[PDB]
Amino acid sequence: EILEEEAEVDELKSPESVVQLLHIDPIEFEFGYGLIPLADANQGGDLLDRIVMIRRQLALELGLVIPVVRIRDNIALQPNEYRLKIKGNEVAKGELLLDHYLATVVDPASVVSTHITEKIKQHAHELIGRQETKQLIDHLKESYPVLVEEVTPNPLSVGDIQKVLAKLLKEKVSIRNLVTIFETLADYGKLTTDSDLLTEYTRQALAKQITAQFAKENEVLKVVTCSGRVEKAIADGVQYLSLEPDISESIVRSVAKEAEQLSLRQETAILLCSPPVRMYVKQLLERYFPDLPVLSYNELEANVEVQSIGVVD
């Protein structure tokens, strides 16, 4: 729709200039003319340096090194308007008043910085492409060539590894621990190339990391569990989790009512279930609550004190 305007506003008519309408850049940040001062950096303006910071932070927190960000002024947008696209899709838009501050007190460049970083985090799994996967594999190869060679390209293609990494990022599991990830892939890759299963084994191998992500030191972790009924009903539907519409809505609300209780009490809502069901529970809840962490018992370290506050029925 806005591409229609871009084409019509600009001169895009010939075969050669129409290609530019095809936006394939992994990350695009677009702004109206009012946001030129922050974008340029010869008239001050922090954007480039701010993006560098983001790339460093997220590399250390996620294990993902974001690609080059494409930066374009866009006349279709309002003076103060910015827009963020990832892999061709708009994921965020906003407005900044450069001479102002947002009330704790935040300057505009910081507002856009944390907005960009949060959006990249929400879509990180869309950004671990082949290029980034190869960069990580090549980096791993410098210190672990025997391990890498055991994994790839046989039994596992770069593409297979990419899907495991994307599935980890999707659920906010950092991919910094490349050694453990690849040792798990080496151990299972000959038994299966199924990226769904490879990721269940990898998540388990990453129990220490996942427990640190959710559990506090020597403190009991507040966790909703799943009924024996809910657990049997999902297992039955495995063929690809197909369940009749009435069952799904029922599990969805049990989850919804239980989750409310945790966030009513300033707590992060987590869900525990048994390993063979975990991946399917997640698939089911994805559209209803994308960012409800669904854990399996084998992803929490043995030493962790876990207690139910609600039981999903």
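We number the residues from 1 along the sequence you see.
- Unmodelled deposited residues between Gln239 and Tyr240: 4 to 9, per the record.
- The mean Cα B-factor in the deposited entry runs higher for 247 to 255 than for the other of 22 to 30 and 247 to 255.
- Taking the PDB entry as given, 258 to 266 carries the higher mean Cα B factor of the two stretches 64 to 72 and 258 to 266.
- Ranking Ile234, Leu178, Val151, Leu168 by the C-alpha B-factor listed in the PDB entry places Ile234 at the top.
- Residues shown: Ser113, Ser227, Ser174, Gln204. Highest C-alpha temperature factor in the entry: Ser227.
- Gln43: CA B factor lies in the highest third for its chain, per the PDB record.
- Per the PDB record, residue ranking by Cα B-factor puts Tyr188 in the lowest third of the chain.
- In the deposited entry, the Cα temperature factor of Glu217 sits in the top third of values across the chain's modelled residues.
- In this PDB entry, the Cα temperature factor of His100 sits in the top third of its chain's modelled residues, the highest group.
- In the PDB entry, a CA B factor belonging to the highest third of its chain's modelled residues is recorded for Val223.
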